[PDB]
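Values quoted throughout were computed directly from the atomic coordinates according to the rules given, and no laboratory measurement underlies them. FYI the Cβ positions are ideal-geometry reconstructions off the backbone, even for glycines, and counts take in every protein chain you see.
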There are 2 protein chains.
Amino acid sequence: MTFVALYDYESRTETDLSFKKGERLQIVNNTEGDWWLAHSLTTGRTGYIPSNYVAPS
Amino acid sequence: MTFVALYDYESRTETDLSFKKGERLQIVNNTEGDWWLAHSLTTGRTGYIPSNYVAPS
């Protein structure tokens, strides 16, 4: 349930978490699901998506 | 490899993808890994993290 940061990470947006190597992090249960980088074949746009919003096909 | 959007989603940041129900989406292989919502026990801050940057403990 608990994880440790392996590397420093600096936030790029208002929503990501900055952290230093060694921090202890706990995953937050979330209705959105894991986020994935996705490319829309329909529109050609690309960006992160909430995985609970999609299904295989 | 291909997914279908089950719901409309409007972008909240510069990095997420907006899409409409029915779009076909392809996952992009990514060095960052899936993103997770996490709470730092070390700093008390909370936000999304790249899962490849951490390890269980």
Return the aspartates and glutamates within reach of A:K21: Cα separation strictly under 15 angstrom, same-chain partners fewer than 8 residues apart disregarded; answer none if there are no such residues. A:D8, A:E10
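List the equivalent ellipsoid semi-axes of chain A in whole Å, largest first, each obtained as the square root of 5λ for an eigenvalue λ of the Cα gyration tensor.
Whole-Å semi-axes of the equivalent ellipsoid: 27, 15, 9.
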To one decimal in nm, how far is A:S11 from the same spot in the other copies, if labels go 7 Å from Cα toward Cβ? Please give the shortest first. 2.0
In nm, what does the list of distances from A:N29 to its counterparts in the other copies look like, shortest first, when each label sits 7 Å along Cα to Cβ? 3.5
So for the protein assembly as shown: antiparallel DSSP bridges make up what percent, rounded to the nearest 5? 95 percent
Quick one: with label points 7 Å out along Cα→Cβ, list the inter-copy distances for B:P56 in nm, shortest first? 2.2
If the convex hull is drawn through the Cα atoms of the protein assembly as shown, its volume per residue in Å³: 100 Å³
